[PDB]
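Peer 1: The following block contains the structure, expressed as C-alpha cells.
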Amino acid sequence: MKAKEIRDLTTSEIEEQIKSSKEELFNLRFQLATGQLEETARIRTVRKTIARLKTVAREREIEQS
Amino acid sequence: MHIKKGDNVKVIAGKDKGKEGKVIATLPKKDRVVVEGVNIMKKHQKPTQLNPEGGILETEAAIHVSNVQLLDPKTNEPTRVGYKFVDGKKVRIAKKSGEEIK
Amino acid sequence: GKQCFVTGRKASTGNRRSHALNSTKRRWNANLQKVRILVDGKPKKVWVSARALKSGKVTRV
Amino acid sequence: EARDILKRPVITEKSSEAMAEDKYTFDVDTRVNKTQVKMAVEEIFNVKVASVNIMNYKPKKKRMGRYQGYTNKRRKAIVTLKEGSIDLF
RNA sequence: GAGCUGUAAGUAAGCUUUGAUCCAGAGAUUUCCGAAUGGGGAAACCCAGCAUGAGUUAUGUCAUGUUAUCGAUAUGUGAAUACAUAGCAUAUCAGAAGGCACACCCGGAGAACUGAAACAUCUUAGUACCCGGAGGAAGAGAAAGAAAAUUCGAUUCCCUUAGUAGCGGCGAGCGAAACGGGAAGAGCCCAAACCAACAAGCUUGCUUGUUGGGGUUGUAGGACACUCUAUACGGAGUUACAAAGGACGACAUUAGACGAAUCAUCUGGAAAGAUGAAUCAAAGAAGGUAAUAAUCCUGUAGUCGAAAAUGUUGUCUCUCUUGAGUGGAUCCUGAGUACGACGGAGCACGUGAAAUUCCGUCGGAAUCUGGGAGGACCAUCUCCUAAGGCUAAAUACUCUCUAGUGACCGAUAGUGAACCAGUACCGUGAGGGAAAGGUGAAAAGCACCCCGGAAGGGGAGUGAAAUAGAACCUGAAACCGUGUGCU
RNA sequence: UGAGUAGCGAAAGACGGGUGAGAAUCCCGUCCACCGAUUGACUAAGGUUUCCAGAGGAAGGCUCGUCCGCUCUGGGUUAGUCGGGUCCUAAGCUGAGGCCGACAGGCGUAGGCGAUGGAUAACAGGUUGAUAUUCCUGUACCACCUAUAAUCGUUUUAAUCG
RNA sequence: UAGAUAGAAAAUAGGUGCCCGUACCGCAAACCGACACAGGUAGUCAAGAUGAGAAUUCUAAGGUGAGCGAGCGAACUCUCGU
Ligand SMILES: [Mg+2]
Ligand SMILES: [Mg+2]
Ligand SMILES: [Mg+2]
Ligand SMILES: [Mg+2]
Ligand SMILES: [Mg+2]
Ligand SMILES: [Mg+2]
Ligand SMILES: [Mg+2]
Ligand SMILES: [Mg+2]
Ligand SMILES: [Mg+2]
Ligand SMILES: [Mg+2]
Ligand SMILES: [Mg+2]
Ligand SMILES: [Mg+2]
Ligand SMILES: [Mg+2]
Ligand SMILES: [Mg+2]
Ligand SMILES: [Mg+2]
Ligand SMILES: [Mg+2]
Ligand SMILES: [Mg+2]
Ligand SMILES: [Mg+2]
Ligand SMILES: [Mg+2]
Ligand SMILES: [Mg+2]
Ligand SMILES: [Mg+2]
Ligand SMILES: [Mg+2]
Ligand SMILES: [Mg+2]
Ligand SMILES: [Mg+2]
Ligand SMILES: [Mg+2]
Ligand SMILES: [Mg+2]
Ligand SMILES: [Mg+2]
Ligand SMILES: [Mg+2]
Ligand SMILES: [Mg+2]
Ligand SMILES: [Mg+2]
C-alpha cells in the first residue's frame with residue numbers, strides 16, 4: 001500500500017492497518033522459520049508498508065502540533 | 001546510452017564488423033549491449049547441472065556499445081544521434097536524415 | 001589557587017641568582033593575610049594582600 | 001509488542017522431543033524477560049502457559065573465507081503449555 | 001528515462017514506463033554505550049523513585065515521560081540567636097560540561113642532550129613537553145609615538161636598513177630599530193566636572209547612592225556662560241562607532257540538458273595503425289572502445305537549466321541621531337596610581353653609564369604655572385598627554401570540500417596502508433607494527449573421454465595465445481634436475 | 001651448505017576380527033602392563049565452543065592416519081530455593097559541600113561502591129548424543145497476592161504496625 | 001519505646017515469584033609457560049592388605065599404555081646391578 005492510500009486512510013484506520021500488517025509479518029516470519037514460505041518478497045513488502053503507515057502517522061501528529 | 005533495447009544497429013568494429021542486428025539486452029553499468037547473431041561464444045555447459053542435457057552452447061556475448069551504430073531509418077546508413085525537444089519530450093534524431101529513430 | 005580577593009595579587013616566577021649567576025626557579029608570593037571583610041554584604045574570611053589592606057581601603061568587619 | 005517478543009520457532013531434534021512433551025521453543029528478543037515471553041505466547045496463540053524456561057547463547061565464532069566473525073547472540077525460551085496446543089505448520 | 005533488489009558471483013522471490021533503481025534539496029525514523037546526567041558499574045550492563053497508562057481477581061510484569069552536578073535567577077522556609085544570616089526545599093533556563101585539525105593564535109609553567117672543541121656565565125631556548133583560553137583568524141591598534149625637517153601622524157604585515165649599531169667568560173655565539181620603499185587602511189565609546197528625577201542620612205543645610213542627560217581632549221579639550229543651527233530636513237547603522245526585524249530583486253552553491261564532423265582497403269583475433277580520399281573546429285583537454293581516434297562512446301569549446309534549501313549581495317523599509325562658534329572667572333580631565341628602594345624578569349642590550357617595560361615586597365607624587373618622553377642625569381628646546389575600553393583590512397595555518405597542476409613515485413618506490421591496515425601479529429599496559437597489485441578484448445573460466453580415492457595429469461574443446469587455466473602479463477640470478485660432445 | 005646428518009619431548013605392549021584406495025599407528029575383542037593421598041572424582045580461577053552428532057583428510061599432529069582439541073555441516077547450556085544481583089559490610093576505592101594547591105590537580109566530611117567474610121527457602125530418584133539440586137516423577141520449603149475465615153479491636157485507644 | 005490507625009488472622013482454597021552464570025577443559029594437549037612443552041596452578045573427596053601414618057609395597061573405584069617404529073645387541077656417553 002502506497003503513501004497516497006495511506007493518507008486517504010484515517011488515523012484509527014492507520015493504527016488498525018499497522019496492527020494487521022505486523023500480524024501478517026509475524027506469520028510470514030513463522031512460515032519462513034518452519035520452511036513453508038516460498039514467496040519471500042512478501043516480508044519486505046509488508047515491512048515497507050508498515051514503515052509507510054508509521055511515516056504518515058508521524059506526519060499527521062507533527063502537523064497537528 | 002544512445003543505443004536502446006530493441007534498436008536495429010550495425011556493428012562498426014569487431015569480428016562482426018558490417019553485420020546488422022537487433023539489440024536484445026543492454027548493460028548500462030558496463031556500457032555493453034547484446035546484438036542478435038553478433039559475437040557468438042561457445043560455452044561449455046555441464047549436463048550435470050540443473051539442465052540435464054549438456055555440451056557446447058552458442059550464445060551472443062555482450063559487445064561494447066561504442067562498436068555499434070544506429071541505422072538511419074531513411075538511408076539505412078549508420079548514423080550518430082542527436083536530440084530534439086518536441087512539446088517538451090526528447091526525441092532521438094538521426095544526424096544524417098534528421099528523422100526520428102523512435 | 002591562592003590570590004588576593006580584592007586585587008587578584010598572586011605569586012609570580014623568576015630566578016634565584018648566585019654570585020656566579022647560576023639560576024634556579026623560585027616564586028615571589030604575595031603578602032596575603034586572612035581577614036574578615038564584607039563580601040556581598042555579609043562577613044567572610046578571605047585572603048587579602050597587605051597592600052590592598054593599606055590605607056584602610058578595605059573595610060574589615 | 002508480542003510479535004516483537006517472539007522472533008521465530010526453533011526446529012531441532014531436541015526441540016521436537018520437547019514438543020512431544022508439550023514444550024515449544026522460540027528464539028526471543030534478547031532484552032525480554034520470562035514473564036514477557038509467557039504473556040506474548042498466551043496473547044498470540046490463545047493458550048495457557050504452565051511455565052517458561054529461558055537461556056542465553058553467546059555469539060559463536062564463524063568463518064567464511066578469510067573473514068572472521070560471529071553469529072548473533074541468542075535468547076531461547078522453552079514454554080511448557082498448561083492448556084491447548086500450538087501448530088507451527 | 002529502462003532497467004533494478006551494494007560489494008557479490010548463485011539461486012529464489014520480486015519491483016519497474018500508473019516512471020523502479022539511481023542523482024540533488026528538504027523532512028521522518030534514528031536501538032545501546034559514550035560528557036552520559038535517576039543510582040551503580042569491570043563502556044555498550046545491572047538496579048530504582050515519581051506521574052500517567054497497559055495487563056491481572058490481585059500481586060508479579062510491561063509502556064511513555066521525568067528524576068545528575070554546578071551556575072544564574074525567582075519563590076517559600078529558616079539554626080546556633082532576637083532581627084535575619086548559614087542552611088534547607090521548590091520552579092525556570094537551547095547556561096556550563098565533552099570532543100577535536102598531532103595546524104595556526106594568546107597565555108601559565110618550562111628541560112636536557114647539544115655548542116662553547118672541557119665547563120659553571122652563556123648556548124641549545126623561552127625550543128620540546130605539559131596545562132589553560134580561544135577565534136576563524138588570534139594578537140596589536142588610534143601617540144604620555146617616531147623624531148630633529150618644508151617633520152610625520154593608530155595598528156599589522158612585506159622589502160630594505162644589516163649580519164650594520166650594539167650585546168657577549170667581548171668566548172662560542174646573540175643581533176635590532178628609526179628612516180626610505182610597499183600591502184592594507186577607519187576610526188571610535190567611556191570615567192570626571194555639570195544638570196534633572198528618585199531613595200537614605202530625615203538641619204527636614206545639603207552629603208551619599210541609583211537612573212537618565214552632558215562629555216571625551218594636546219592646535220589643550222570639556223563643563224560653565226553666551227551666540228547661531230534641528231527635531232529627522234539631513235546624516236548614520238547591526239564589521240567597532242546603539243540594536244532587532246521585514247519586503248522585493250540579483251547573483252552563487254547544492255542535481256542536470258543540448259553540444260560539430262569519416263568512410264574505404266591492407267595487415268591482423270580485433271584498427272584507432274598504414275594507405276587513399278573527406279569533414280568539423282569558439283570543440284586538436286582528457287579518458288574509453290579488441291593495437292596508437294578531432295569526426296565510435298563518455299566528453300571538450302559554447303550555450304542552456306532549479307521545485308527546494310543555503311550563502312553573498314543591491315534597493316526600499318526599519319532603527320538611531322542635531323551640528324557649529326565665542327570667552328578665558330571658576331571647575332573637571334583615570335591614586336595606593338606614576339614613581340623610588342630591594343629582589344627578579346623583559347627589552348637585540350648578560351646590571352652595565354642603563355633610559356624605555358612588567359612582577360613581588362616596602363615606601364609613595366603633582367594636578368595645565370600640571371604630568372610624560374627625546375638611552376644615566378640636569379638645563380633649554382621639541383614632541384606627546386599614562387594610570388578605562390572597543391575596533392575591519394592587509395598577516396598565520398589547513399582536519400575539510402570543489403576544480404586543477406607537477407622535467408613528483410610507480411608495488412623493496414610512493415602513505416605504515418594501491419589489497420577488508422592502524423588490520424594480522426607482539427606486549428599486562430602505554431605502545432610497537434607488517435606482508436600482500438597484474439588471466440583474458442570478452443569468462444568465452446576447459447562439455448566430453450581416459451589413469452587416479454583424491455590431488456594431479458594426458459587428450460578434446462574455448463581462445464589470437466592455455467607454453468594466458470586462477471597470486472593465471474613478462475619471468476633474470478642463486479639453487480635443483482634429466483640428457484649429452486670432449487675429458 | 002652442514003645432510004639424508006642431529007632430533008622426533010620421561011612409559012609396555014601383543015595378537016585376533018573389522019574398516020578402508022591405503023593400517024604398527026582408526027574401531028571392536030581378549031590377554032598383558034601402569035597410576036591408584038591417585039594418571040581416579042569434584043571444583044574456584046583462567047580459557048572461551050575446545051562440548052555432541054554426521055562428514056573429511058590439503059594444511060596442523062614432530063611418523064602414519066581411515067583418526068583428532070584440526071576442516072566442513074548441523075546441534076547443545078532450561079533454576080523462587082545452586083553461585084551472584086534486586087541484602088550486609090572489611091581493606092581499599094570514590095566522594096556533594098569543604099580544605100589545599102602556578103594550571104593540571106591533591107586531600108577529605110556526610111554519603112556511596114566494594115568479598116576473600118556475615119545473612120539467606122529443595123531434596124531423592126529417573127532421563128539425553130550433548131544439561132540437569134535447572135527437564136520429568138514424587139514429596140517439600142520461602143516471600144508476596146486474592147478470597148473465605150474460628151477468634152480479637154473498634155479512637156487516651158491497646159487488637160494491630162512500629 | 002517515640003510514633004501510626006480499625007482494623008488484625010490461626011487456619012482453608014487458589015494464585016504470582018525477575019536478571020546474570022550454567023556447555024566443555026580445569027595437576028591440564030583446552031589455564032600461565034612462542035609448542036599437543038618432564039616446569040607452575042587455590043580448595044574438596046580419597047577404599048583394601050600393611051602399618052603409628054595421608055610413609056612404604058601391592059591392589060580397589062576409576063583411569064591409562066603416553067603421536068614415530070623395526071632390527072642389531074660395536075666403540076663411546078648416560079642410567080642401573082655385581
Ligand atoms: Mg537461566
Ligand atoms: Mg662542550
Ligand atoms: Mg666539544
Ligand atoms: Mg580580535
Ligand atoms: Mg559527438
Ligand atoms: Mg578503419
Ligand atoms: Mg593490446
Ligand atoms: Mg630592579
Ligand atoms: Mg620614566
Ligand atoms: Mg638624550
Ligand atoms: Mg605639539
Ligand atoms: Mg584583523
Ligand atoms: Mg608499501
Ligand atoms: Mg615488478
Ligand atoms: Mg610498508
Ligand atoms: Mg602469456
Ligand atoms: Mg607468468
Ligand atoms: Mg656430521
Ligand atoms: Mg651419526
Ligand atoms: Mg638418531
Ligand atoms: Mg613421544
Ligand atoms: Mg570431540
Ligand atoms: Mg604428518
Ligand atoms: Mg567538589
Ligand atoms: Mg563470598
Ligand atoms: Mg557433561
Ligand atoms: Mg550445567
Ligand atoms: Mg557441567
Ligand atoms: Mg603450591
Ligand atoms: Mg604412597
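Labels for the C-alpha cells follow display order: chains A, B, ..., residues from 1 in each chain, ligands from 1.
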List the spatial neighbours of region 116-130 of chain E as a list in words - criterion: any atom at most 9 Å away, only C-alpha atoms (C1' of nucleotides), same-chain residues fewer than 5 positions off excluded.
Peer 2: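 Here the qualifying residues turn out to be residues 20, 21 and 22 of chain C; 109, 110, 111, 168, 169, 171, 172, 173 and 350 of chain E; 104 of chain F.
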Peer 1: Find the residues near ligand 28. Use a cut-off of 12 Å, count only C-alpha atoms (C1' of nucleotides) and all ligand atoms, and write them as a list in words.
Peer 2: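 Every residue with an atom at most 12 Å from ligand 28 is listed here: residues 42, 43, 51, 77, 130, 131, 132 and 134 of chain F; 21, 22, 23, 24, 25 and 26 of chain G.
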Peer 1: Just want the 12 Å neighbourhood of residue 14 (chain E), counted on only C-alpha atoms (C1' of nucleotides), with same-chain residues fewer than 3 positions away dropped. Output as a list in words.
Peer 2: residues 38, 39, 40, 41, 42, 43, 44 and 45 of chain A; 4, 5 and 20 of chain E
Peer 1: Write out, as a PDB file, in the first residue's frame, the residues just selected, with N, CA and C atoms (P, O5', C5', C4', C3', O3' and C1' of nucleotides).
Peer 2:
ATOM      1  N   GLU A  38       7.548 -19.839   0.403  1.00  0.00           N
ATOM      2  CA  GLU A  38       8.238 -19.725  -0.873  1.00  0.00           C
ATOM      3  C   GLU A  38       8.290 -18.286  -1.361  1.00  0.00           C
ATOM      4  N   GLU A  39       7.231 -17.517  -1.117  1.00  0.00           N
ATOM      5  CA  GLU A  39       7.139 -16.141  -1.597  1.00  0.00           C
ATOM      6  C   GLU A  39       7.753 -15.222  -0.550  1.00  0.00           C
ATOM      7  N   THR A  40       9.082 -15.170  -0.558  1.00  0.00           N
ATOM      8  CA  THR A  40       9.819 -14.457   0.472  1.00  0.00           C
ATOM      9  C   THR A  40       9.772 -12.943   0.312  1.00  0.00           C
ATOM     10  N   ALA A  41       9.446 -12.431  -0.877  1.00  0.00           N
ATOM     11  CA  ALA A  41       9.427 -10.987  -1.081  1.00  0.00           C
ATOM     12  C   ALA A  41       8.309 -10.313  -0.303  1.00  0.00           C
ATOM     13  N   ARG A  42       7.300 -11.082   0.097  1.00  0.00           N
ATOM     14  CA  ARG A  42       6.197 -10.541   0.874  1.00  0.00           C
ATOM     15  C   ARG A  42       6.677  -9.933   2.180  1.00  0.00           C
ATOM     16  N   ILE A  43       7.726 -10.497   2.778  1.00  0.00           N
ATOM     17  CA  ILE A  43       8.225  -9.973   4.043  1.00  0.00           C
ATOM     18  C   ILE A  43       8.660  -8.526   3.874  1.00  0.00           C
ATOM     19  N   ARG A  44       9.494  -8.264   2.867  1.00  0.00           N
ATOM     20  CA  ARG A  44       9.953  -6.905   2.626  1.00  0.00           C
ATOM     21  C   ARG A  44       8.798  -5.998   2.223  1.00  0.00           C
ATOM     22  N   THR A  45       7.867  -6.511   1.419  1.00  0.00           N
ATOM     23  CA  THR A  45       6.732  -5.684   1.028  1.00  0.00           C
ATOM     24  C   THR A  45       5.959  -5.208   2.255  1.00  0.00           C
TER      25      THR A  45
ATOM     26  P     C E   4      20.511  -2.566 -14.510  1.00  0.00           P
ATOM     27  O5'   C E   4      19.698  -2.570 -13.144  1.00  0.00           O
ATOM     28  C5'   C E   4      19.538  -1.374 -12.400  1.00  0.00           C
ATOM     29  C4'   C E   4      18.574  -1.547 -11.257  1.00  0.00           C
ATOM     30  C3'   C E   4      18.899  -2.643 -10.262  1.00  0.00           C
ATOM     31  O3'   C E   4      19.881  -2.258  -9.321  1.00  0.00           O
ATOM     32  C1'   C E   4      16.612  -2.748 -10.834  1.00  0.00           C
ATOM     33  P     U E   5      20.785  -3.360  -8.588  1.00  0.00           P
ATOM     34  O5'   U E   5      19.824  -3.981  -7.485  1.00  0.00           O
ATOM     35  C5'   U E   5      19.324  -3.170  -6.439  1.00  0.00           C
ATOM     36  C4'   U E   5      18.527  -3.957  -5.432  1.00  0.00           C
ATOM     37  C3'   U E   5      19.107  -5.282  -4.973  1.00  0.00           C
ATOM     38  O3'   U E   5      20.144  -5.145  -4.019  1.00  0.00           O
ATOM     39  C1'   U E   5      16.819  -5.556  -5.449  1.00  0.00           C
ATOM     40  P     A E  20      10.427   6.359 -10.505  1.00  0.00           P
ATOM     41  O5'   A E  20      10.870   5.142  -9.579  1.00  0.00           O
ATOM     42  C5'   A E  20       9.969   4.090  -9.286  1.00  0.00           C
ATOM     43  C4'   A E  20      10.658   2.755  -9.142  1.00  0.00           C
ATOM     44  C3'   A E  20      12.025   2.735  -8.496  1.00  0.00           C
ATOM     45  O3'   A E  20      12.015   2.980  -7.104  1.00  0.00           O
ATOM     46  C1'   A E  20      11.962   1.199 -10.290  1.00  0.00           C
TER      47        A E  20
END
Peer 1: Extract the full set of helix (DSSP H, G or I) residues from chain D according to DSSP on the backbone, and format it as a PyMOL selection string.
Peer 2: chain D and resi 2-5+13-20+34-45
Peer 1: Show me which residues sit within 10 Å of ligand 5 when counting only C-alpha atoms (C1' of nucleotides) and all ligand atoms, and put them as a list in words.
Peer 2: residues 80, 81 and 82 of chain B; 259, 260, 261, 283, 295, 296, 297, 298, 299 and 300 of chain E
Peer 1: Check chain C with DSSP on the backbone and list each residue it calls strand (DSSP E), as a VMD selection string.
Peer 2: chain C and resid 12 to 17 23 to 28 32 to 39 42 to 49
Peer 1: With a distance threshold of 9 Å and counting only C-alpha atoms (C1' of nucleotides), extract the residues of chain C near chain F and express them as a list in words.
Peer 2: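 Using only C-alpha atoms (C1' of nucleotides), chain C residues at most 9 Å from chain F: residues 1, 2, 11, 12 and 13 of chain C.
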Peer 1: I'd like the contact shell of residue 10 (chain C) - 8 Å cut-off, only C-alpha atoms (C1' of nucleotides), skipping same-chain residues fewer than 6 positions apart - returned as a ChimeraX atom specification.
Peer 2: /C:2-4,29-30
Peer 1: Restricting the output to C-alpha atoms, write the selected residues as a PDB file, in the first residue's frame.
Peer 2:
ATOM      1  CA  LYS C   2      45.756  31.431  46.274  1.00  0.00           C
ATOM      2  CA  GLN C   3      45.364  35.105  45.390  1.00  0.00           C
ATOM      3  CA  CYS C   4      44.181  38.430  46.755  1.00  0.00           C
ATOM      4  CA  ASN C  29      54.464  35.128  46.801  1.00  0.00           C
ATOM      5  CA  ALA C  30      52.051  37.917  47.628  1.00  0.00           C
TER       6      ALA C  30
END
Peer 1: Mind checking which residues fall within 10 Å of residue 56 (chain A), counting only C-alpha atoms (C1' of nucleotides), ignoring those fewer than 3 positions away in the same chain, and posting them as a PDB file with N, CA, C and O atoms (P, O5', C5', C4', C3', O3' and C1' of nucleotides), in the first residue's frame?
Peer 2:
ATOM      1  N   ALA A   3       1.756   5.567  -0.129  1.00  0.00           N
ATOM      2  CA  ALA A   3       1.516   6.678   0.780  1.00  0.00           C
ATOM      3  C   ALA A   3       0.245   7.435   0.430  1.00  0.00           C
ATOM      4  O   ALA A   3      -0.372   8.033   1.311  1.00  0.00           O
ATOM      5  N   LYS A   4      -0.172   7.420  -0.836  1.00  0.00           N
ATOM      6  CA  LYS A   4      -1.403   8.113  -1.201  1.00  0.00           C
ATOM      7  C   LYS A   4      -2.619   7.461  -0.546  1.00  0.00           C
ATOM      8  O   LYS A   4      -3.441   8.141   0.080  1.00  0.00           O
ATOM      9  N   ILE A   6      -2.461   5.528   2.045  1.00  0.00           N
ATOM     10  CA  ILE A   6      -2.281   5.670   3.485  1.00  0.00           C
ATOM     11  C   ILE A   6      -2.795   7.028   3.944  1.00  0.00           C
ATOM     12  O   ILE A   6      -3.442   7.140   4.989  1.00  0.00           O
ATOM     13  N   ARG A   7      -2.523   8.079   3.171  1.00  0.00           N
ATOM     14  CA  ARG A   7      -3.014   9.404   3.526  1.00  0.00           C
ATOM     15  C   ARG A   7      -4.522   9.498   3.376  1.00  0.00           C
ATOM     16  O   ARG A   7      -5.167  10.266   4.097  1.00  0.00           O
ATOM     17  N   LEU A   9      -6.455   7.069   4.233  1.00  0.00           N
ATOM     18  CA  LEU A   9      -6.958   6.434   5.448  1.00  0.00           C
ATOM     19  C   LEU A   9      -6.991   7.424   6.612  1.00  0.00           C
ATOM     20  O   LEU A   9      -6.319   8.456   6.607  1.00  0.00           O
ATOM     21  N   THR A  11      -6.790   8.119  10.976  1.00  0.00           N
ATOM     22  CA  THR A  11      -5.792   7.765  11.981  1.00  0.00           C
ATOM     23  C   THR A  11      -6.090   6.407  12.605  1.00  0.00           C
ATOM     24  O   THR A  11      -5.197   5.561  12.741  1.00  0.00           O
ATOM     25  N   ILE A  14      -5.235   3.888  10.156  1.00  0.00           N
ATOM     26  CA  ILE A  14      -3.788   3.702  10.094  1.00  0.00           C
ATOM     27  C   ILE A  14      -3.335   2.754  11.194  1.00  0.00           C
ATOM     28  O   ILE A  14      -2.536   1.843  10.960  1.00  0.00           O
ATOM     29  N   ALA A  51       6.388   0.644   7.459  1.00  0.00           N
ATOM     30  CA  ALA A  51       7.173   1.868   7.535  1.00  0.00           C
ATOM     31  C   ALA A  51       6.392   3.058   6.995  1.00  0.00           C
ATOM     32  O   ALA A  51       6.407   4.136   7.591  1.00  0.00           O
ATOM     33  N   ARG A  52       5.707   2.882   5.866  1.00  0.00           N
ATOM     34  CA  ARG A  52       4.939   3.980   5.290  1.00  0.00           C
ATOM     35  C   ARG A  52       3.782   4.383   6.190  1.00  0.00           C
ATOM     36  O   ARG A  52       3.496   5.575   6.352  1.00  0.00           O
ATOM     37  N   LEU A  53       3.088   3.401   6.767  1.00  0.00           N
ATOM     38  CA  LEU A  53       1.999   3.702   7.687  1.00  0.00           C
ATOM     39  C   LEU A  53       2.487   4.548   8.853  1.00  0.00           C
ATOM     40  O   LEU A  53       1.881   5.572   9.195  1.00  0.00           O
ATOM     41  N   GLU A  59       3.732  12.083  10.310  1.00  0.00           N
ATOM     42  CA  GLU A  59       3.461  13.340   9.620  1.00  0.00           C
ATOM     43  C   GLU A  59       2.218  14.007  10.183  1.00  0.00           C
ATOM     44  O   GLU A  59       2.201  15.222  10.403  1.00  0.00           O
ATOM     45  N   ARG A  60       1.167  13.227  10.422  1.00  0.00           N
ATOM     46  CA  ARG A  60      -0.069  13.806  10.937  1.00  0.00           C
ATOM     47  C   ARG A  60       0.119  14.345  12.349  1.00  0.00           C
ATOM     48  O   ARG A  60      -0.303  15.466  12.654  1.00  0.00           O
ATOM     49  N   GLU A  61       0.746  13.566  13.230  1.00  0.00           N
ATOM     50  CA  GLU A  61       0.921  14.047  14.595  1.00  0.00           C
ATOM     51  C   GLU A  61       1.963  15.153  14.699  1.00  0.00           C
ATOM     52  O   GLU A  61       2.041  15.805  15.742  1.00  0.00           O
ATOM     53  N   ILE A  62       2.758  15.380  13.657  1.00  0.00           N
ATOM     54  CA  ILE A  62       3.631  16.546  13.630  1.00  0.00           C
ATOM     55  C   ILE A  62       2.866  17.768  13.150  1.00  0.00           C
ATOM     56  O   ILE A  62       2.919  18.834  13.771  1.00  0.00           O
TER      57      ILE A  62
ATOM     58  P     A E  28      12.180  16.304  10.830  1.00  0.00           P
ATOM     59  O5'   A E  28      11.538  14.866  10.639  1.00  0.00           O
ATOM     60  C5'   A E  28      10.137  14.671  10.681  1.00  0.00           C
ATOM     61  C4'   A E  28       9.794  13.219  10.503  1.00  0.00           C
ATOM     62  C3'   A E  28      10.525  12.248  11.411  1.00  0.00           C
ATOM     63  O3'   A E  28       9.988  12.168  12.718  1.00  0.00           O
ATOM     64  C1'   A E  28      10.629  11.459   9.203  1.00  0.00           C
TER      65        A E  28
END
Peer 1: So the first atom is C1' of residue 37 (chain F) and the second is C1' of residue 55 (chain G); what is the distance between them in Å, to one decimal place?
Peer 2: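 For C1' of residue 37 (chain F) relative to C1' of residue 55 (chain G), the distance reads 10.9 Å.
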Peer 1: Return as a list in words every polymer residue, whether protein, DNA or RNA, with at least one atom no more than 8 Å from an atom of ligand 16; count only C-alpha atoms (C1' of nucleotides) and all ligand atoms.
Peer 2: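 Based on only C-alpha atoms (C1' of nucleotides) and all ligand atoms, ligand 16 is surrounded within 8 Å by residues 465, 467, 468, 473 and 474 of chain E.
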Peer 1: Could you take the residues named above and write them with N, CA and C atoms (P, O5', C5', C4', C3', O3' and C1' of nucleotides), as a PDB file, in the first residue's frame?
Peer 2:
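Contents of again.pdb, freshly written:
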ATOM      1  P     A E 465      44.653 -19.537 -30.820  1.00  0.00           P
ATOM      2  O5'   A E 465      45.805 -19.311 -29.752  1.00  0.00           O
ATOM      3  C5'   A E 465      47.173 -19.331 -30.129  1.00  0.00           C
ATOM      4  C4'   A E 465      48.040 -18.766 -29.037  1.00  0.00           C
ATOM      5  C3'   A E 465      47.915 -19.460 -27.691  1.00  0.00           C
ATOM      6  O3'   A E 465      48.783 -20.577 -27.585  1.00  0.00           O
ATOM      7  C1'   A E 465      47.728 -17.103 -27.415  1.00  0.00           C
ATOM      8  P     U E 467      49.910 -24.925 -21.976  1.00  0.00           P
ATOM      9  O5'   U E 467      51.365 -24.288 -21.954  1.00  0.00           O
ATOM     10  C5'   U E 467      51.736 -23.355 -20.944  1.00  0.00           C
ATOM     11  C4'   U E 467      52.750 -22.358 -21.453  1.00  0.00           C
ATOM     12  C3'   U E 467      52.211 -21.384 -22.494  1.00  0.00           C
ATOM     13  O3'   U E 467      52.850 -20.121 -22.374  1.00  0.00           O
ATOM     14  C1'   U E 467      53.997 -22.623 -23.417  1.00  0.00           C
ATOM     15  P     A E 468      52.101 -18.800 -22.880  1.00  0.00           P
ATOM     16  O5'   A E 468      51.266 -18.353 -21.603  1.00  0.00           O
ATOM     17  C5'   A E 468      50.006 -18.919 -21.305  1.00  0.00           C
ATOM     18  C4'   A E 468      49.180 -17.984 -20.462  1.00  0.00           C
ATOM     19  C3'   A E 468      48.075 -18.641 -19.656  1.00  0.00           C
ATOM     20  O3'   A E 468      48.561 -19.199 -18.448  1.00  0.00           O
ATOM     21  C1'   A E 468      47.222 -16.736 -20.763  1.00  0.00           C
ATOM     22  P     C E 473      50.409 -13.816 -14.500  1.00  0.00           P
ATOM     23  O5'   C E 473      50.880 -13.268 -15.903  1.00  0.00           O
ATOM     24  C5'   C E 473      50.052 -13.363 -17.044  1.00  0.00           C
ATOM     25  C4'   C E 473      50.556 -12.441 -18.106  1.00  0.00           C
ATOM     26  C3'   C E 473      52.042 -12.568 -18.396  1.00  0.00           C
ATOM     27  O3'   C E 473      52.328 -13.639 -19.279  1.00  0.00           O
ATOM     28  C1'   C E 473      51.485 -10.292 -18.095  1.00  0.00           C
ATOM     29  P     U E 474      53.542 -14.651 -19.019  1.00  0.00           P
ATOM     30  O5'   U E 474      54.839 -13.772 -19.243  1.00  0.00           O
ATOM     31  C5'   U E 474      55.125 -13.167 -20.493  1.00  0.00           C
ATOM     32  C4'   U E 474      56.173 -12.113 -20.322  1.00  0.00           C
ATOM     33  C3'   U E 474      57.499 -12.608 -19.776  1.00  0.00           C
ATOM     34  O3'   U E 474      58.369 -13.050 -20.798  1.00  0.00           O
ATOM     35  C1'   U E 474      56.779 -10.700 -18.554  1.00  0.00           C
TER      36        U E 474
END
Peer 1: Please provide the set of residues having any atom within 12 Å of region 64-78 of chain G, restricted to only C-alpha atoms (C1' of nucleotides), with same-chain residues fewer than 3 positions apart removed, written as a ChimeraX atom specification.
Peer 2: /F:7-13,24-25,32-36,38-40,61-65,67-68 /G:29,36,38
